[PDB]
Amino acid sequence: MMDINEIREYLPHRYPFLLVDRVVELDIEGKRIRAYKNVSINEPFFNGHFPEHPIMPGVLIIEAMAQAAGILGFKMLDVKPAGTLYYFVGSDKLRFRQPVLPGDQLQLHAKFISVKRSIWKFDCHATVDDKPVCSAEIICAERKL
Amino acid sequence: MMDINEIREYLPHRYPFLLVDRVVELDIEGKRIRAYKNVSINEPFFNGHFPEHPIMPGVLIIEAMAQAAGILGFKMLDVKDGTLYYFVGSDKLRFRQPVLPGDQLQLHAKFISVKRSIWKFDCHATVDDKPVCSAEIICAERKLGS
Amino acid sequence: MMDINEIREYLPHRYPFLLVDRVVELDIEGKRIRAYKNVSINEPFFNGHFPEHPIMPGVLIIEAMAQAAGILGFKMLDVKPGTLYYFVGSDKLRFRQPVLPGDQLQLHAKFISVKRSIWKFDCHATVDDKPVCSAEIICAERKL
Amino acid sequence: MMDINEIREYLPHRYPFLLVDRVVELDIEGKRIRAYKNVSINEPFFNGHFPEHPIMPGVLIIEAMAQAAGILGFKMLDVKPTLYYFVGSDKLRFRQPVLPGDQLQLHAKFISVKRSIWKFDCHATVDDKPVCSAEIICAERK
Amino acid sequence: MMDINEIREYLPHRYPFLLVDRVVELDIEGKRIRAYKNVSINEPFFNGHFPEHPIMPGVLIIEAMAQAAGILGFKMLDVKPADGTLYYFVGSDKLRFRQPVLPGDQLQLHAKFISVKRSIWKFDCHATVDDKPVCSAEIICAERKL
Amino acid sequence: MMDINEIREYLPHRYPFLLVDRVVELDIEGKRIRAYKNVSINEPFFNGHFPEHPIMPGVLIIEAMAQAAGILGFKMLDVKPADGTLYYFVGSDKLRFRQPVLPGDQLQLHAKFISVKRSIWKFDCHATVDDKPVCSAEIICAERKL
C-alpha cells in the first residue's frame with residue numbers, strides 16, 4: 001500500500017494535478033500496479049466540465065493512469081526519484097466507455113510491457129466497480145525536470 | 001438512491017462547500033439517510049490543512065453530516081426555491097480517527113424530532129466501518145435572505 | 001498584538017484554512033485570548049455557501065475559534081512550535097446569528113482545564129460585540 | 001447602509017474581483033460614498049503577493065476605490081443590469097501598505113460628468129491613516 | 001474568426017476547462033479549423049504541474065484539440081448548439097507529444113475533418129508552437145447531449 | 001530572452017499575481033524592456049470580471065507594467081536575482097486606458113527608465129495589443145526590501 005505522502009515522494013505532481021489518491025497493490029514481480037483516485041464533486045475541474053453536468057474529463061483519466069504507471073516504473077527498479085519524471089510522450093490505443101461521475105472510485109491499473117532505452121510502455125486500464133471505463137497503452141520517457 | 005445532480009436539487013450548497021457526493025439509501029419511512037463523501041487529495045482545502053500532512057478538517061466532517069441530514073429533511077417535506085436547514089447547534093460532538101485522502105467518508109443521519117421548526121438529527125460518520133465522528137445535529141428551517 | 005506572520009509561526013494552517021487574521025489581546029495571567037477574522041466576499045467559500053446568499057459556514061466559525069484556542073495554549077506555556085491542537089470534540093455548541101461579508105468576527109477563547117494531552121477551552125465569537133456562536137472546544141495536543 | 005447583496009445589485013463584479021464588502025454611508029445629497037473592504041488572509045491573491053509577506057496589491061486598492069465610485073454612480077442614475085469602465089487617473093499615490101486584518105476604508109466623492117465621462121475624488125484609509133488617494137476617471141459602456 | 005464569447009456558444013466547457021481562447025480561421029469548405037490557446041503562467045494547473053517547473057500537461061493539449069474539433073463539428077452541420085449538446089471524447093489511436101509547451105507559448109490548434117460513421121466523428125489534429133510541431137493525434141468524438 | 005523561471009528569480013510574485021509571462025527584449029544601453037503577458041480565458045480573474053463578458057482588469061495591466069519595470073530596474077544595474085528586493089509600486093501619473101484587453105490577446109509590455117532619486121524610480125510605461133495602444137502611465141516605484 002501507499003498513502004498520499006508516499007505517493008508524493010514518487011510523483012512531483014501537486015494540486016490541482018495529483019490524480020492518484022491511493023495505491024492498494026504493488027505487484028512487485030507481476031510488474032503491475034493497482035491504485036485509485038476518489039472522484040468527488042468538491043474538485044476544481046467539475047465546475048467547468050460541465051456546469052449542471054459533472055463528468056470527470058477523460059484526458060484527466062489518462063493523466064491518472066500515467067501517474068500510476070510512473071509510480072510502478074520506479075518501484076520496479078527499487079529506487080527513489082531525485083525531479084525525475086516519467087514524461088507522457090504518447091499513446092496508441094486509447095478508449096473510453098462509460099463516463100466517470102462524482103462519487104465514483106476510479107480504479108487504476110498499469111502493467112509493465114517493454115522499455116527500449118529510455119522509453120517505457122504500459123498497458124493501463126481504468127475501471128469503476130469492475131466495469132471498464134478507459135483503456136490505453138501509455139508511453140513514457142524517463143526524464144528530469 | 002440519488003446522485004450528485006439529484007443531491008443538488010435539495011441542497012443549495014455549491015463548490016467548494018458541497019460535501020455529500022452520493023446518497024446510497026434514503027429510507028423516508030424510517031426517517032434516516034445513508035450517503036458518503038469521497039475524500040480526494042485533489043480538493044481545495046488540503047493545501048491549507050495541512051501542507052505536507054493532508055487531513056480532512058473535522059469541521060468539514062460535521063458539515064458533511066449536517067448536509068446529509070439536510071437532504072433527508074428537504075425530502076421529508078418536498079422542499080425545493082432553495083432555503084436550507086440552518087445549522088444552529090450540537091450538544092455533544094466527538095471525533096475518533098482523522099479522515100485522510102483516499103477514504104470514503106460514510107455519512108449517517110437519523111431524524112429524531114422537530115419542535116418549533118427546530119430539527120434534531122442523530123448523525124455518525126465512519127470510514128471502513130470504523131467510527132470517525134458522531135454528533136447530534138440541530139438545524140432550524142429558514143429562508144435564505146431573511 | 002500578533003500579525004499574520006507570527007500567527008503562521010504557531011498555526012500550521014494555510015490557505016484556504018487559516019481563519020485568524022489578527023490576535024489583539026493575550027491575557028496569560030487570565031488564560032484568555034482575543035483575536036479576530038475579517039469576513040470578506042473575496043473568500044473562496046462564499047461562492048458555494050451560498051450562491052446569491054453569502055453566509056459564513058458555522059463550521060468555519062468553529063474552526064476559527066479552535067485555531068485561536070491553540071495559539072492561546074502555546075502562549076500559556078512559552079512554546080515556540082510541529083505541534084497541533086487537534087479538534088477532537090465539542091460540548092453545547094450553539095449559533096445565534098449568521099456571520100456576513102463585512103463582519104469582523106471576534107474570537108474569544110478561555111482556558112477551562114487540561115488533563116495531559118487533552119485541552120478544554122471556553123469559546124465565543126461575536127460580531128459588533130453581539131453573540132454569534134459559543135462552545136466548549138476540546139483539543140488534543142499532538143505531533144502534526 | 002448597503003450590505004453585500006445590495007452591492008452586487010449595482011456592480012457586475014464577482015469573485016475573485018468584487019472588492020467592496022460594505023457601504024456604510026451613501027450620501028446622495030452630497031454626491032459621495034463611504035464603504036470598506038475587509039482584508040483577510042483567506043483571500044486568493046495573498047498566496048502570490050507575496051509568499052511569506054502578505055501585502056494587498058496596490059492595484060486592488062485602486063480597484064476597490066473605483067468600485068465604490070461605481071456604486072455611487074449607479075445610485076445617482078439608478079442604473080441596473082451596465083459598467084463604469086476605468087479609463088484613467090492623473091495623480092495616484094500610496095502612503096503605506098495594507099495588510100491582513102486591516103479594514104480598508106473607501107471614500108468616493110462625485111466631481112463631475114461630461115460626455116458620459118465621470119470623474120471621482122477618491123481616498124482609502126486604514127485606522128484613519130491615509131493609504132491611497134487618486135482621481136478616478138470612468139466612462140459608461142456595455 | 002471567433003472570439004471567446006462566440007466560442008462559449010458552441011462549447012459548454014467553462015473555467016477551469018475551456019482551452020480554446022480564439023478561432024483565427026474556420027474553413028468549412030475545407031472541413032478544417034485553426035485556433036489557439038494562450039499559455040500563461042497565471043493559470044490554475046501550473047502550480048501543480050510542476051512546482052518550479054511549469055509545463056502545460058500533455059493531456060490538456062489533447063483536450064485543447066478535442067475542443068477545437070468540436071467547434072468545427074457544429075459549424076459544419078450549420079447548427080446553433082444551444083442545448084448542452086456536446087462531442088464526447090471517446091477515443092484516439094496513435095497519439096504523440098514532441099516537446100513541452102511552456103508559459104508564453106501560443107498553442108496553435110489544428111483540426112481536420114476525416115470521417116463520420118453514424119454518430120462517431122473522426123478528426124486529424126495537430127498542435128504547434130512557433131510553427132514547430134508539439135503534439136499530434138487522431139481525435140474520435142461521439143456526439144451526444146449532456 | 002527570459003523565460004518564466006528566470007522571471008521568477010527577479011520577481012517574488014507568484015500565482016495568482018505574476019503577470020509577466022515572458023521578456024522578449026532587454027535593451028540596457030537604451031534602458032528599455034519589452035515583455036508580454038498572454039491573456040487566456042483560463043485565468044482566475046475572468047469569472048469575476050465579468051460573468052459572460054471577460055475583460056482583463058485595467059488595474060492588472062498596471063500591475064503587469066510595474067512588474068516589467070522591476071525586471072528592467074534590476075537588469076540595468078546587473079543586480080543578481082533573488083536579492084529579497086521589491087520595486088514597490090508607490091504612485092503614478094497620467095494613467096490612461098485606451099481599449100480593453102480580451103482573452104486571446106497578447107498584452108505587450110513596454111517600460112522605459114526615466115529617472116531615479118535614490119530609491120524612488122520613475123518609469124515611462126506602455127501596454128499594447130497588436131501594436132495598437134491599450135494602456136499608458138508613468139510608474140513610480142520605491143526599491144525596498146521585501
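Note on naming: letters A, B, ... go to the chains in the order of the sequence lines (proteins, then strands), and numbering restarts at 1 for each one.
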Rounded distance (nearest 0.5 Å) linking atom CD1 of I4(E) with atom NE2 of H53(F):
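Those atoms lie 13.5 Å apart.
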How long is the gap from CZ on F46(F) to OH on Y15(E), to the nearest 0.5 Å?
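If I round to the nearest 0.5 Å, the distance is 11.0 Å.
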Side chain proximity check, [X] to [Y], heavy atoms < 4.5 angstrom:
X	Y	answer
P103(E)	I7(F)	no
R8(F)	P54(E)	yes
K37(E)	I41(F)	no
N42(E)	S40(F)	no

Over 12 non-hydrogen atoms of neighbours within 6.0 angstrom of [atom1] in [X]:
X	atom1	result
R144(E)	CZ	no
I28(E)	CD1	no
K112(E)	NZ	no
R32(E)	CZ	no
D83(E)	CG	yes
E25(F)	CD	yes
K122(E)	NZ	yes

Report the option among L19(F), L102(F), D105(F) that has the most heavy-atom pairs separated by less than 4.5 Å from atoms of chain E.
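Greatest number of close heavy-atom pairs with chain E: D105(F).
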Per-residue contact mode, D3(F) against chain E (heavy atom under 4.5 angstrom)
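Neither part, no heavy atoms under 4.5 Å.
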Quick check: closest heavy atoms across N38(E) and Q106(F), and the distance to 0.1 Å?
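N38(E) and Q106(F) have their closest heavy atoms at ND2-N, 4.5 Å.
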